[PDB]
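Below is one structure, written out as structure tokens; the observations come after it.
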Number of protein chains: 2
Amino acid sequence: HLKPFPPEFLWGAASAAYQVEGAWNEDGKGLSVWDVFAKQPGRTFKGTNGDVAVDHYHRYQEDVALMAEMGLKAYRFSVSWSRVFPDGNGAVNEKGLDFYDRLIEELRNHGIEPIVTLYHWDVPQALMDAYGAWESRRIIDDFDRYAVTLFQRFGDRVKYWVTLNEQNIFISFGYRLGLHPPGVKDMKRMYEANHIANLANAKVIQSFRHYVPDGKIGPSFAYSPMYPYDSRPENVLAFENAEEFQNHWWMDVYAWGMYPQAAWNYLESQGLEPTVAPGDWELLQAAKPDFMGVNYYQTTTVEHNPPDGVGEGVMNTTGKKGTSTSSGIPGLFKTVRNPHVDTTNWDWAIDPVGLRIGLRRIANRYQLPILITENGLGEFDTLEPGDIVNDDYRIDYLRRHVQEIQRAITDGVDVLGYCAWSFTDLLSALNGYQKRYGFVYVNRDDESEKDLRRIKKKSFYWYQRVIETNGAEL
Amino acid sequence: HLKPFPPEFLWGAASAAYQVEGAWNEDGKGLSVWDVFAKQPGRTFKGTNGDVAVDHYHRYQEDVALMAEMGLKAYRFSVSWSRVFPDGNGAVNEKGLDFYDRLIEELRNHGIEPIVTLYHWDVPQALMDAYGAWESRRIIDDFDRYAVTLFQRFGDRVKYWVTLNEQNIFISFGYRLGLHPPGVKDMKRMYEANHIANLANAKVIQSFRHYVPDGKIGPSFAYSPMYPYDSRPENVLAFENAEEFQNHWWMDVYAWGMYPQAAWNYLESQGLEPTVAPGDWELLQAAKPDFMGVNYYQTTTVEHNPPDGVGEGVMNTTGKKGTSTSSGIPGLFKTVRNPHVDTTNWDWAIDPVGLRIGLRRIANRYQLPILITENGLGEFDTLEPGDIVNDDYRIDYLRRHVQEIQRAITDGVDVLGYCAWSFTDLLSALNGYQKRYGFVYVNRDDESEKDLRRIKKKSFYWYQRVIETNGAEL
Ligand SMILES: O=P(O)(O)OC[C@H]1O[C@@H](O[C@H]2[C@H](O)[C@@H](O)[C@H](O)O[C@@H]2CO)[C@H](O)[C@@H](O)[C@@H]1O
Ligand SMILES: O=P(O)(O)OC[C@H]1O[C@@H](O[C@H]2[C@H](O)[C@@H](O)[C@H](O)O[C@@H]2CO)[C@H](O)[C@@H](O)[C@@H]1O
């Protein structure tokens, strides 16, 4: 017997400010690092950027009406820091807060629970110029001031808050792979910026307990659970290292306020461990979250990697299947194709059982409730005559993942909700507009901006029925 | 660059009372459950039992002299409860305490650290008769009385203490497989007795903090780290279940005082979860150990097991290689031979890297120091003319495991010591005398006690050199 989804289950969908809003220079908004980064040639797919995105800043009423038609119980969005503090610090921009006030009111007036995400990668460029943004401890108080501003203005109406969305992605991509701003390839700087982000996460959670005492808050982690390739002891050891280096390194800090020791010792041997100040451990250990946010898309299978072995591999940002290659850390592990699952056209593994596994691992290690803040299928969609988008492939992916959530709940995992990525089509930061995730098709591609009109996909009606039956009919 | 073994690393060897002592009915000793069980027809290999064993009770001076010749830093032995309390909970048998006093004095006069193990499976039969031994809460205070008796008598001379040795074995074999006393095959009773054993462990650790404030104490867990067979999601999920049900089920309670939730829910769903009394969780959570004791011999590889699938399999107690078959829990997991490691003639996997993995897992999950309380190769030995025993196979096994301990220490695992099983040959409870583990061969077999003479094997001199070089020459 499978348990039902709890009556309070938050059936959601999600977006991110830079990928959805547009209005990049309106109403006093400052430049974010992504405004500046995406305009540099070669940084994004076909030069696509968020100047207009899908224009949700001007069309939020239409989009929320579509959410209400679908019956969404929750909508997770991120607030653009540079709309609220165009400088990062300094004077608050009332016009920026007013947009999110109007958005939250539109959501509440349609019975949709807002889930406010504080940070999705868009620190104001002014803070990068002033002091290197996440590489300086000055960002802890500046981020805290920004968060407290939002807590005071919206805490009366927003129960659920996410602090840093995918810190492991914006840190690793920004400082190890050089694919996100600041475009750095320096592991020492990566772990320093990462430690400061950990302190910022902890500081704002502490502030949240003061300003929103009955709210619920947590970071959201981009979780690819690791698998060993097989039972060869060296491959299981590679899995132990991969899970600790890629996943425990973040979630142990979020849950326990401690870095895992083997990873710490390895980094220390390379001279890469972060600088620790007196009080750091105390602050990190005291900032217990109400839930672990989880962005899940795929598992990763790993195998042994000799000391002279694989480092950085090829990443698929074109949609040409089979173009990704193995990446790893010499001496510890490297990725390998999992022969037992299929992949998307961007070589992302399709592994719904892996979501049950990841939920089980988090509950087993940390005993935390989980809010699934992102999950979805990025794929090409075709607009057929009659405003028909037959995205059965997206329905299939979503169905199987939701089925596995129900099994994890039956296993005893406390899952608060499920936010599909994404509500409407939106900009993929590095993959352009053709890698679509929405329930709602948006009419543009990478060449032609067209009119951005909204068209309900077949998956829209499928998820409408999911919510209508509280997940009993998948 | 491997880090050295720490200077005071406890190079040890180990035994257990019923398996080594003999003198089963001397000097006032009462019956243990193993005295009675092993004399039931069909319960042990060739009807072997511990009436005489290798007669360490009378020959302990000779054996300790051999330990001193080897240069052992530590000797781990177990105290026979039925020598100290012949009826389990009445008046103390001073002759019983006096034997362990003489033993401890002999060890300390030769510079060997005693490591006292309170319980290696030999609860007095009188407590089984009176109330069913571990199945009754009465055993908590009776075990506590016995433990405090030893703490008061020996706490001045014994720093390192082990509480329950392989609770997961004596409980699961006693109550699920029916292969140990009391011969029960009932999962509900198994988890009830297990819960009471957990409370007994917690109670005596609490007592230890009062009576031996400067000592170190921990339980010892029979740890077979689980591997998934491959990266098929269903097999990784089976590994998640196997690791939780077989390993976290015990070690989470020892380290955190809490059972893992997914396993608890499954047992609850079958009406198998233990009865919990007011105060149980507070006691279990309060009894933090100084170390996790680890008895390691092999890893276990698992795969998906359907609801109609494999239950109990064939267990090899004969030394005829290849006679074991898969065991598991229908719906959760089943074992499968690991094609990437060799096995002994008793079908135990030889996986030294698995020891590094297991040590890494305990440090990663619990941040506890580890005392390796047992590790060894059980194999046939041949006595060659001139009293020579060339057990290069045992040297190879021990060398490779000690090498992996050093890698684990380099990774940052705090390993306090390493006790090889066993110092002399001794009785295997279910496999007789031919499944030998000793550094010291004992001249007897399953048919005759012969003269019980002690003969140093080649591995004796190998380990002597290991100790002399503090593990720098393996
Ligand atoms: O738009 P994408 O690249 O297809 O990503 C989908 C959403 O997932 C998050 O980012 C990805 C990241 O880009 C990957 O490189 C990494 O491997 O995993 C995370 C998935 O957690 C972002 O939350 C979002 O902006 C993406 O749209
Ligand atoms: O004498 P054995 O059966 O060869 O075992 C040697 C030592 O290992 C522990 O028992 C085994 C147990 O008998 C196995 O059936 C089980 O699978 O695992 C443990 C291994 O930890 C005994 O507790 C140990 O003290 C034996 O003397």
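Below, chains carry the letters A, B, ... as their sequence lines are ordered, and counting in each starts from 1. All heavy atoms count here, side chains included; hydrogens, waters and symmetry mates do not. When a ligand or atom number is given, it counts from 1 through the structure's own listing order.
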Part of B/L426 with heavy atoms under 4.0 Å of ligand 2, whether side chain, backbone, both or neither
neither
Who are the ring-ring contact (aromatic ring centres under 6.0 Å, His included) partners of A/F439, not counting sequence neighbours?
A/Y463
Out of curiosity, is B/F170 lining ligand 2, as in a heavy atom under 4.0 Å away?
no
Residues 423-430 of chain B side chain polar contacts: donor-acceptor under 3.5 Å, at least two apart:
unit_1	atom_1	unit_2	atom_2	d
B/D425	OD1	B/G438	N	2.8
B/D425	OD1	B/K457	NZ	2.7
B/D425	OD2	B/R436	NH1	2.9
B/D425	OD2	B/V442	N	3.1
B/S428	OG	B/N431	N	3.4
B/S428	OG	B/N431	ND2	2.9

Ligand 2 versus B/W346, non-hydrogen atoms closer than 4.0 Å: side chain, backbone, both, neither?
neither
For atom 9 (C) of ligand 2, closest protein heavy-atom neighbour
B/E166 OE2, 3.2 Å
What is the minimum heavy-atom distance between B/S15 and B/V20, and which atoms define it?
OG-CG1, 3.9 Å
Where A/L371 and A/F291 come nearest, the two heavy atoms and their spacing
CB-CD1, 3.8 Å
I'd like to check whether B/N295 has a polar contact with ligand 2, where a contact means an N/O of the residue lying under 3.5 Å from an N/O of the ligand.
no
Closest to atom 15 (O) of ligand 2 (judged by heavy-atom distance), picking from B/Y223, B/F221, B/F173, B/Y297
B/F173
Does atom NZ of B/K320 have more than 12 heavy-atom neighbours from other groups under 6.0 Å away?
no
Proximity flag B/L430 to ligand 2, non-hydrogen atoms under 4.0 Å
no
Side chain, backbone, both or neither: which applies to B/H120 and ligand 2 if a contact is any heavy-atom pair less than 4.0 Å apart?
side chain
Taking the six-membered ring for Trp, are A/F245 and A/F333 parallel (under 30°), tilted (30 to 60°) or perpendicular (over 60°)?
tilted
Ligand 2 N/O within reach of B/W348 N/O, cut-off under 3.5 Å
no
When B/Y119, B/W121, B/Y175 are each screened for ring-ring contact (aromatic ring centres under 6.0 Å, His included) with B/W134, the one that passes is B/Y119
Check whether any heavy atom of B/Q298 sits under 4.0 Å from an atom of ligand 2.
no
Any idea which atoms of ligand 2 are less than 4.0 Å away from a heavy-atom of B/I169?
16 (C), 18 (O)
Pull out every atom of ligand 1 sitting under 4.0 Å from any heavy atom of A/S428, numbered as shown with elements.
1 (O), 2 (P), 3 (O), 4 (O)
For atom 26 (C) of ligand 2, tell me which residue out of B/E374, B/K435, B/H180, B/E379 has the closest non-hydrogen atom.
B/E374
Atom indices of ligand 1 within 4.0 angstrom of A/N431 heavy atoms, with elements:
2 (P), 3 (O), 4 (O)
Determine the interplanar angle of the A/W348 and A/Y437 rings, folded into 0 to 90°, and report it as parallel if under 30°, tilted if 30 to 60°, perpendicular if over 60°.
tilted
The option among B/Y18, B/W121, B/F45 carrying the non-hydrogen atom nearest to atom 22 (C) of ligand 2 is B/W121
Using a strict threshold of under 4.0 Å (side-chain N to carboxylate O), is an ion pair present between B/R361 and B/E243?
yes
Ligand 1 atoms nearer than 4.0 angstrom to some heavy atom of A/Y437 are 2 (P), 4 (O), 5 (O), 6 (C)
Under 30°, 30 to 60°, or over 60°: which ring-plane class applies to B/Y254 and B/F221, parallel, tilted or perpendicular?
perpendicular
